[PDB]
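Trainee: Sequence, then structure. It's an experimental one.
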Amino acid sequence: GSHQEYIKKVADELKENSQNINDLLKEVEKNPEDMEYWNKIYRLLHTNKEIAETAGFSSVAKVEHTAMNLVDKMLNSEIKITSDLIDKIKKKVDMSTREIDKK
(Lines give C-alpha, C1' and ligand atoms only; values in the text may rest on other atoms or scores of the structure.)
Protein backbone atom coordinates (compact mmCIF):
# COMPACT_ATOMS: atom_id res chain seq x y z
CA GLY A 1 0.00 0.00 0.00
CA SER A 2 0.99 3.67 0.00
CA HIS A 3 2.53 3.38 3.46
CA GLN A 4 4.84 0.57 2.36
CA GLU A 5 5.67 2.54 -0.80
CA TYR A 6 6.55 5.57 1.31
CA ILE A 7 8.93 3.55 3.49
CA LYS A 8 10.53 1.98 0.39
CA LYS A 9 11.07 5.43 -1.14
CA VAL A 10 12.70 6.66 2.09
CA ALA A 11 14.87 3.55 2.29
CA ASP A 12 15.98 4.09 -1.31
CA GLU A 13 17.08 7.65 -0.52
CA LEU A 14 18.93 6.53 2.60
CA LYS A 15 20.66 3.76 0.64
CA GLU A 16 21.65 6.13 -2.14
CA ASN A 17 23.31 8.47 0.32
CA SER A 18 25.00 5.54 2.04
CA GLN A 19 26.41 4.39 -1.30
CA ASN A 20 27.65 7.94 -1.84
CA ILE A 21 29.39 7.72 1.54
CA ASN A 22 30.95 4.41 0.56
CA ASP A 23 32.18 5.87 -2.76
CA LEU A 24 33.88 8.66 -0.80
CA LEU A 25 35.33 6.24 1.74
CA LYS A 26 37.03 4.40 -1.12
CA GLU A 27 38.78 7.64 -2.02
CA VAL A 28 39.58 8.93 1.46
CA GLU A 29 41.27 5.68 2.50
CA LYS A 30 43.94 6.44 -0.11
CA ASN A 31 44.43 9.89 1.48
CA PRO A 32 43.01 9.82 5.03
CA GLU A 33 43.94 13.43 5.83
CA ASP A 34 41.91 14.80 2.90
CA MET A 35 39.25 16.79 4.67
CA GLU A 36 37.32 17.41 1.45
CA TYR A 37 36.11 13.81 1.64
CA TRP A 38 35.35 13.87 5.36
CA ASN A 39 33.34 17.08 5.05
CA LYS A 40 31.21 15.55 2.29
CA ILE A 41 30.80 12.34 4.32
CA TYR A 42 29.68 14.35 7.35
CA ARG A 43 27.06 16.27 5.38
CA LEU A 44 25.72 13.03 3.84
CA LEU A 45 25.44 11.44 7.29
CA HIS A 46 23.69 14.59 8.55
CA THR A 47 21.25 14.42 5.61
CA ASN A 48 20.50 10.76 6.29
CA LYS A 49 19.98 11.38 10.00
CA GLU A 50 17.34 13.99 9.13
CA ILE A 51 15.57 11.75 6.59
CA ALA A 52 15.59 8.81 8.97
CA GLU A 53 14.20 10.85 11.87
CA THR A 54 11.38 12.26 9.74
CA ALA A 55 10.30 8.82 8.52
CA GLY A 56 10.60 6.91 11.78
CA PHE A 57 13.80 5.00 10.95
CA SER A 58 14.88 5.59 14.56
CA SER A 59 17.67 3.00 14.67
CA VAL A 60 19.15 4.31 11.42
CA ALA A 61 19.14 7.84 12.77
CA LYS A 62 20.98 6.78 15.94
CA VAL A 63 23.75 5.04 14.00
CA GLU A 64 24.20 7.99 11.63
CA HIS A 65 24.47 10.24 14.68
CA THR A 66 27.21 8.08 16.21
CA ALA A 67 29.13 8.13 12.91
CA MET A 68 28.67 11.89 12.57
CA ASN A 69 30.11 12.48 16.02
CA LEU A 70 33.29 10.64 15.05
CA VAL A 71 33.63 12.49 11.75
CA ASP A 72 33.00 15.84 13.51
CA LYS A 73 35.86 15.10 15.92
CA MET A 74 38.09 14.29 12.95
CA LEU A 75 37.13 17.51 11.14
CA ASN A 76 37.83 19.56 14.28
CA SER A 77 41.16 17.78 14.93
CA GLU A 78 39.95 16.42 18.28
CA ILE A 79 41.00 12.82 17.47
CA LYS A 80 43.78 11.37 15.31
CA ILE A 81 42.71 9.79 12.01
CA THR A 82 43.90 6.18 12.14
CA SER A 83 43.10 2.99 10.30
CA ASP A 84 41.30 1.75 13.42
CA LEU A 85 39.11 4.85 13.42
CA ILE A 86 38.29 4.50 9.72
CA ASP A 87 37.40 0.85 10.39
CA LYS A 88 35.02 2.02 13.13
CA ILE A 89 33.38 4.46 10.70
CA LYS A 90 33.02 1.72 8.08
CA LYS A 91 31.49 -0.53 10.74
CA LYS A 92 28.87 2.13 11.55
CA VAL A 93 28.10 2.76 7.88
CA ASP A 94 27.61 -0.99 7.40
CA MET A 95 25.36 -1.17 10.46
CA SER A 96 23.35 1.75 9.08
CA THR A 97 22.74 -0.04 5.80
CA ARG A 98 21.66 -3.20 7.67
CA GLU A 99 19.24 -1.08 9.71
CA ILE A 100 17.84 0.51 6.52
CA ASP A 101 17.17 -2.95 5.09
CA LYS A 102 15.27 -3.99 8.21
CA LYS A 103 12.55 -1.40 7.57
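Mentor: That came through fine. Numbering: from 1, shown residues only.
Trainee: The residue nearest the centre of the chain sits in which helix or strand?
Mentor: For the chain, the residue nearest the mean C-alpha position is residue 45 (4.0 Å; CA atoms, centre = their mean). In the assignment (DSSP states H and E), residue 45 maps to helix 35-55.
Trainee: just checking, what packs against that helix?
Mentor: Counting contacts by 3 or more CB pairs under 8 Å, 6 or more residues apart in numbering; DSSP states H and E, helix 35-55 packs against helix 2-28, helix 58-75. Quick note: C-beta positions are derived from backbone N, CA and C, even for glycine.
Trainee: which other helices and strands contact the longest one?
Mentor: Using 3+ CB pairs under 8 Å, 6+ apart, the elements in contact with helix 2-28 are helix 35-55, helix 83-102.
Trainee: Among those helices, which comes closest to residue 10?
Mentor: Closest of these to residue 10 is helix 35-55, at 4.3 Å (criterion: CB to CB).
Trainee: Name the surrounding residues that touch that closest one.
Mentor: 6-7, 10, 13-14, 17-18, 20-21, 24-25, 27-28, 31, 57-58, 60-61, 64-65, 67-68, 71-72, 74-75, 96 (CB atoms under 8 Å, 6 or more residues apart in numbering).
Trainee: Could you rerun that using 6 Å?
Mentor: By CB atoms under 6 Å, 6 or more residues apart in numbering, the surrounding residues in contact with helix 35-55 are 10, 13-14, 17, 20-21, 24, 27-28, 60-61, 64-65, 67-68, 71, 74-75.
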